[PDB]
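Chains as they are written, first to last, in the deposited numbering: chain A, 64 to 169; chain A', 64 to 169. A prime marks a further copy of an entry chain.
Each residue gets a CB set at the ideal place from its N, CA and C atoms; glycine is no exception.
Contents: one structure, followed by commentary.
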Ligand code: NA
Ligand code: NA
């Protein structure tokens, strides 16, 4: 938990598959595990992790039905965690978990 | 617009009719129109208007399907405006409009 850092993914405004406008944010739980890769492979591993979290969130939710936002939160969180983890690995970072927090309907 | 005061209705956590948890807030647009009633009929006409806005919001949304939150926002706003206006009248206040702002799904 000590080296497990909390990242607040800035809010993402997109539309679901079934044409529903959603404002979504999330917390990323990530650990620095290869210092040499974190410091060599990218300029800034925090904001590198932030950027790809925002791009991924936008896409995963764009690719989602509203009913999945209601019923299948856990499944969506696993998709976010899978993808962001794959992304952060070249930078020596493990993503422990991803949790969608708020979901606003404007 | 000068005497039309903006009131931020504090967030209301409830469930829709079709069993959906919702966090909802709104702006109330209200005008003081009978000063004698505003000052006689109640201790504090702002917080009187706030309280009844929160109670009403909770009920109108409890009495709503999620699909009405998506599709029929305007209709829900008219219900809120009708009811809160009726409520504020004994206190010499006209409610110009009510607009649900944010709708969070926890
Ligand atoms: Na990773
Ligand atoms: Na009124």
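Buried/exposed call for residue 69 of chain A', threshold 16 Cβ in 10 Å: exposed
Under the three-state DSSP convention, the category residue 142 of chain A' falls into: Three-state DSSP puts residue 142 of chain A' in a helix.
Chain-ordered residues of the segment 132-160 of chain A' with a beta carbon less than 7 Å from chain A: If you check each beta-carbon in the segment 132-160 of chain A' against every beta-carbon of chain A, the ones closer than 7 Å belong to 132 and 133.
beta-carbon residue 72 of chain A near ligand 1 non-hydrogen atom, thresh 6 Å: no
7 Å Cβ cutoff, residue 130 of chain A in contact with chain A': no
Terminal residues of the beta strand (DSSP E) in which residue 100 of chain A lies: Segment 98-103 is the alpha helix (DSSP H) holding residue 100 of chain A; no beta strand (DSSP E) there.
For review: beta carbons within less than 6 Å of any heavy atom in ligand 1: A/148, A/151, A/152, A/156, A/157 and A/158
Beta-carbon spacing of residue 151 of chain A', residue 92 of chain A' below 7 Å: no
Contact under 7 Å by Cβ, residue 153 of chain A' with residue 104 of chain A': Going by beta carbons, residue 153 of chain A' and residue 104 of chain A' fall inside the 7 Å limit.
C-alpha distance - residue 165 of chain A' paired with residue 80 of chain A', whole-angstrom precision: 19 Å
Rounded C-alpha distance that separates residue 140 of chain A from residue 144 of chain A': Taking C-alpha positions only, residue 140 of chain A is separated from residue 144 of chain A' by approximately 38 Å.
Limits of the unbroken alpha helix (DSSP H) element including residue 131 of chain A: It spans 129-134 - the alpha helix (DSSP H) in which residue 131 of chain A sits, taken as one unbroken run.
Option nearest residue 83 of chain A by Cα separation, candidates A'/156, A'/137, A'/132 and A'/163: A'/132
Per-residue DSSP class, three states only, for residue 86 of chain A: strand
Start and end residues, alpha helix (DSSP H) containing residue 70 of chain A': It is not in any alpha helix (DSSP H) - residue 70 of chain A' instead sits in the beta strand (DSSP E) that spans 67-78.
Listed by chain order, chain A residues near residue 167 of chain A' by CB distance under 7 Å: 165, 166 and 167
Under 8 Å by beta carbon: chain A residues contacting residue 83 of chain A': 133
Residue(s) in a DSSP beta bridge with residue 94 of chain A': A'/67 and A'/157
Close Cβ partners of residue 66 of chain A' (< 6 Å) along its chain, the five nearest in sequence each way excluded: The answer, listed in chain order, is 94.
Inter-residue spacing [alpha-carbon to alpha-carbon] between residue 155 of chain A' and residue 128 of chain A: 46 Å
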